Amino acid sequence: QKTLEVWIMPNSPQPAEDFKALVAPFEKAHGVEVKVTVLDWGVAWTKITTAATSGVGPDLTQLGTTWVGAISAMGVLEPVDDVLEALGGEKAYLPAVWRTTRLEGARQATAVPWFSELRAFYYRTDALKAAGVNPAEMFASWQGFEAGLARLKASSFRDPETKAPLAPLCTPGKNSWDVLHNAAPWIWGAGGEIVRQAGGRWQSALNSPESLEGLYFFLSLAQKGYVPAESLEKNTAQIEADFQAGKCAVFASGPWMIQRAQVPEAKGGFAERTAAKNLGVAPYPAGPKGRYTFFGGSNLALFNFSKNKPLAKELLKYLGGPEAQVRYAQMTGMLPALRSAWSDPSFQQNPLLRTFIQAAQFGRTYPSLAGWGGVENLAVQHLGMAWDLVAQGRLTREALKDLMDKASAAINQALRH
């Protein structure tokens, strides 16, 4: 009889099945069936907001860290200060992860940390070696990054399976939330930001001089032919598929690709591909105002309209606790959200992962604002049109400025309600 409904995004090679295995010990102890529904990231904002506005939906949903404020501000999440206390309270979490548990300025936590992830560059070891590129120099600075992409463009290296050259850099130009998360380090590296506090409200800083310098440098990589035209119409899954297929020398992603590299295609990885045997990781290069990468992850939230709140909170404590934290990070290739869980050998013994753990020092998060879901939709949409300027041969500083002005007007409307 007793059931729970949980919504997750595709975090692991076999999302529903892996989640079912993760919760099996809880299901057997409590005599509960946890039903899981997988929502792709592209529809997850629409589906979660429609649950919020309708009052009908699951007991628990996965919430991207950048959406916790936005859904909390709709008044639909259960406070979970009790669960967080039971898991060790504020000390049990990195400060950046603890801020993701609530809407900025709220007294009560409305989400439990589930997993963490941050961005770095995967590269083809074989492709950089053949081009004569030193990883240490290419990922040190913006100048080094561009110097390496130039050598990768000139290289006569061809993928062993494709028999064709690799694009130096692939990056998604449409649909994905990653259209923003992939731009943010460039913006931040130049001394810009997505938003700023002015007149005791938040507003867009995407049309600030330093935000435009960072974004213009990133887009100019495609204008200089380091990113293929075709990339600029693709989403995150398509660029990941292009790297697996041996079409791209370099791309930005999270630590999950290390796990996908070790698993056959049948089970949702790319162990059969050349890229899997030729996998390097390097941090984002320092920009003129320092080194930054996107730090995020996902939390778990309980709808305050749930019929099963005590049992749902027992599942939250289980999923946020040390055993399930290590197990899900092993299955997904994410990092645990719980600080303690980072010391497991699965994480400390993993050399590509150690690059991500070290890169966390330069990790940066968006403020946890009401309206952030709106900011991300509008940013993805307007940055997507910035990539179109490149494809159309219309990228100039003034055209980017006029487009980020439009972006900033729409974003400011979403932040003011």
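Just so we're on the same page, rigid core means the largest C-alpha set that superposes within 1.5 Å between forms. Throughout, we count residues from 1 along the sequence that is shown.
Comparing 101-109 with 140-148 in 6 other deposited structures of this protein, after superposition on the rigid core, the stretch with the greater RMS C-alpha deviation is 101-109. Comparing 83-91 with 336-344 in 6 other deposited structures of this protein, after superposition on the rigid core, the stretch with the greater RMS C-alpha deviation is 83-91. Legend: mean Cα B-factor per stretch from the PDB entry, 126-134 versus 276-284; the higher mean is in 126-134.
In this entry, 34-42 shows the higher mean Cα temperature factor of the pair 34-42 and 66-74. Across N235, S340, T110, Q259, the entry's maximum B-factor at the CA atom is seen for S340. The top Cα temperature factor in the record, among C170, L84, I194, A147, falls on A147. Per the deposited record, the Cα B-factor of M404 falls in the middle third when ranked against the other modelled residues of its chain. In the deposited entry, the Cα temperature factor of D178 sits in the bottom third of values across the chain's modelled residues. Sort the modelled residues of the chain by CA B factor and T61 lands in the lowest third.
The deposited CA B-factor of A359 belongs to the highest third of values across its chain. When the modelled residues of the chain are ordered by their C-alpha B factor, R327 lands in the middle third.
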